[PDB]
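In: Below is the sequence, then the experimental coordinates.
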Amino acid sequence: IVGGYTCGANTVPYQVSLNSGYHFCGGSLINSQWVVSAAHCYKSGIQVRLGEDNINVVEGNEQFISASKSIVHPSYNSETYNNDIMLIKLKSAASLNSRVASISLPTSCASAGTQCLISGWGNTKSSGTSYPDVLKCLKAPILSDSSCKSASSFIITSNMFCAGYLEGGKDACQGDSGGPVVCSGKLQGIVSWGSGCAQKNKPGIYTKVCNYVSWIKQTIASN
Ligand SMILES: [Ca+2]
């Protein structure tokens, strides 16, 4: 997260870190046994880390639980990032508490102008690299598709939305992928892609979760 602020320990209790020896992506807890993340974060050997603030220090509220199954969206396209969404089932149910909590799925989509909270342990620099230990947070509005497309020349699909600031300075970044975009109390986005970080006319691109709620619910019900 570039241009954000330190969230405060466990103030984003649905945020998870995906760990394969090191943090590599974020995710969001959606019930005690399931996490949603980005398909482009797919790999084997995932340990889900819940209750994290400082990812390099055991602070006392963590739960580390191995993935038992990962399900990349049936239509995920790695070249375009269309349908950049994945479900991860935990081997055992997380113990839910004030620091480890699910985030509600939307029943309807969000609109341009609505403010969202984006969070993660990704790079905090727009030029060069610095990776934080504690969770970072950013408030950012959803942009209209037309404004985003015209400003950026990005090729996106109806399964994506742009959020952020066309002037630059505030954005998600490498290492935030898979993590949450929460708007009006609902998980509306997943950190998906962009070009650089926090550059002028290059806002963040997010998977549009409202298009996937039926797939999420049916997949969890059957698995
Ligand atoms: Ca920790």
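Out: Received the coordinates, thanks. Numbers count the residues shown, from 1 in each chain.
In: Residue 160 and residue 209 touch, don't they?
Out: No. Counting by C-beta atoms under 8 Å, residue 160 does not reach residue 209; the two are 10.8 Å apart. (C-beta placed from N, C-alpha, C; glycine too.)
In: domains of the chain?
Out: The chain resolves into domains spanning 1-12+103-210, 13-102+211-223 when parsed by curated CATH domains.
In: Make CSV from these and add mean neighbour count to it.
Out: CSV is the format used below for these (neighbours: other C-beta atoms under 10 Å):
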stretch, mean neighbour count
domain 1-12+103-210, 20
domain 13-102+211-223, 18
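In: Out of those domains, flag the one nearest the ion.
Out: domain 13-102+211-223 (4.8 Å; C-beta to the ion).
In: so residue 208 touches residue 156, yeah?
Out: No. Checked against C-beta under 8 Å, the pair residue 208 and residue 156 is beyond contact range at 9.6 Å.
In: shared neighbours of the two, anything?
Out: Counting by C-beta atoms under 8 Å, 6 or more residues apart in numbering, residue 208 and residue 156 have no contacts in common.
In: Helices of the chain, start to end?
Out: Shown for the chain, the helices assigned by DSSP state H span residues 145-152, 213-222.
In: With respect to residue 31, which of the ones you listed lies nearest?
Out: helix 213-222 (7.1 Å; C-beta to C-beta).
In: for the closest one, packing partners?
Out: strand 23-31, strand 86-90 (3 or more C-beta pairs under 8 Å, 6 or more residues apart in numbering; DSSP states H and E).
In: Tell me the gap between stretch 97-110 and the middle of its chain.
Out: Between the centre of stretch 97-110 and the centre of its chain there are 12 Å (C-alpha atoms, centre = their mean, to the nearest Å).
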